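*Asks:* This structure is in structure tokens; I'll ask about it shortly.
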Amino acid sequence: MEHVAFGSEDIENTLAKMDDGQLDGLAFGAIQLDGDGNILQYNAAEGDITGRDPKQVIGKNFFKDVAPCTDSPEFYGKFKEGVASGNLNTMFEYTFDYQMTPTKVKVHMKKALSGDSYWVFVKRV
Ligand SMILES: *C(=O)/C=C/c1ccc(O)cc1
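Note that PDB author numbering has the sequence shown beginning at 1, numbered continuously upward.
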């Protein structure tokens, strides 16, 4: 594995510029989105939680295409407010339920260190 804990205070420094292969070594799901919600990175742990194939979802829009159940004030709303402000660091539980067995997760969205990039970290609860 890669030795990084969900919710660590400096997680954006540790994961910075991690390539796809190292991201697959994390204990929790990790998605990287651009400012519009398009998927830039998506690791194996997340695919194990949600059933999505990490290589097929890259390039899709998370909120419009892959995860409509997050198209809501409580998830996408928080994401888009953080993007617009250039600051994002929010943790909350949520239920993923689009075309899947409803799965309760803890979500941590945090602005990446690099440019037009935002992390969505996920673990089961
Ligand atoms: C609800 O539509 C959520 C769907 C979803 C969440 C997270 C993923 O990695 C994939 C699909």
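For each residue, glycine too, the CB sits at the ideal point set by N, CA and C.
Hey, how far is the Cα of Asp71 from the Cα of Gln56?
*Replies:* Indexing the sequence shown from 1 puts residue 71 at position 71. Indexing the sequence shown from 1 puts residue 56 at position 56. The straight-line gap from Cα to Cα measures roughly 20 Å.
*Asks:* By Cβ distance below 7 Å, which residues in the same chain neighbour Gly7 in space, the five residues on each side in sequence not counted?
*Replies:* Position 7 of the sequence shown, counted from the first residue, corresponds to residue 7. Answer for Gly7: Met91, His108, listed in chain order.
*Asks:* Are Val122 and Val105 touching if we call contact CB-CB under 8 Å?
*Replies:* For this step, residue 122 is matched to residue 122 along the sequence shown. For this step, residue 105 is matched to residue 105 along the sequence shown. Their beta carbons are under 8 Å apart, which means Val122 touches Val105 by this criterion.
*Asks:* Which residue wins for smallest C-alpha separation from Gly21, given the options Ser85, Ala84, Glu74, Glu2?
*Replies:* Looking up residue 21 in the sequence shown gives position 21. Of the listed residues, the one whose Cα sits closest to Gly21 is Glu2.
*Asks:* Excluding five sequence neighbours on each side, which residues of the same chain lie with their C-beta closer than 7 Å to the C-beta of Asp116?
*Replies:* Along the sequence shown, one-based indexing puts residue 116 at 116. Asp34, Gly35, listed in sequence order.
*Asks:* If I measure Cβ to Cβ from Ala16 and keep anything under 8 Å in the same chain, skipping five residues before and after, which residues do I get?
*Replies:* For this step, residue 16 is matched to residue 16 along the sequence shown. Cβ within range, chain order: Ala112, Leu113, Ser114.
*Asks:* Exposed or buried, what is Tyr98 when buried is set at 16 or more other beta-carbons lying within 10 Å of its beta-carbon?
*Replies:* As a first step, residue 98 must be located in the sequence shown, where it is residue number 98. Exposed.
*Asks:* Measure the CB-CB distance between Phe75 and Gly37 and report whether it falls below 8 Å.
*Replies:* As a working mapping, residue 75 is identified with position 75 in the sequence shown. As a working mapping, residue 37 is identified with position 37 in the sequence shown. Taking 8 Å as the Cβ cut-off, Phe75 and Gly37 do not qualify as a contacting pair.
*Asks:* Taking the straight line between their C-alpha atoms, what separation do you get for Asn43 and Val66?
*Replies:* The sequence position of residue 43 within the sequence shown is 43, counting from 1. The sequence position of residue 66 within the sequence shown is 66, counting from 1. Roughly 15 Å between the two C-alpha positions.
*Asks:* Tell me the residue span of the alpha helix (DSSP H) that contains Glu81.
*Replies:* Indexing the sequence shown from 1 puts residue 81 at position 81. Note, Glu81: alpha helix (DSSP H), 78-85.
*Asks:* So, at 7 Å on beta carbons, what are the nonlocal neighbours of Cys69 in its own chain, with the 5 sequence-adjacent residues on each side left out?
*Replies:* Within the sequence shown, residue 69 is the residue found at index 69, counting from 1. Here the set comprises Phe96, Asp97, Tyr98.
*Asks:* With respect to 7 Å, is the separation between the Cβ of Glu46 and the closest non-hydrogen atom of ligand 1 below this value?
*Replies:* Counting from 1 along the sequence shown, the entry for residue 46 is found at position 46. Flag set: Cβ of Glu46 near ligand 1.
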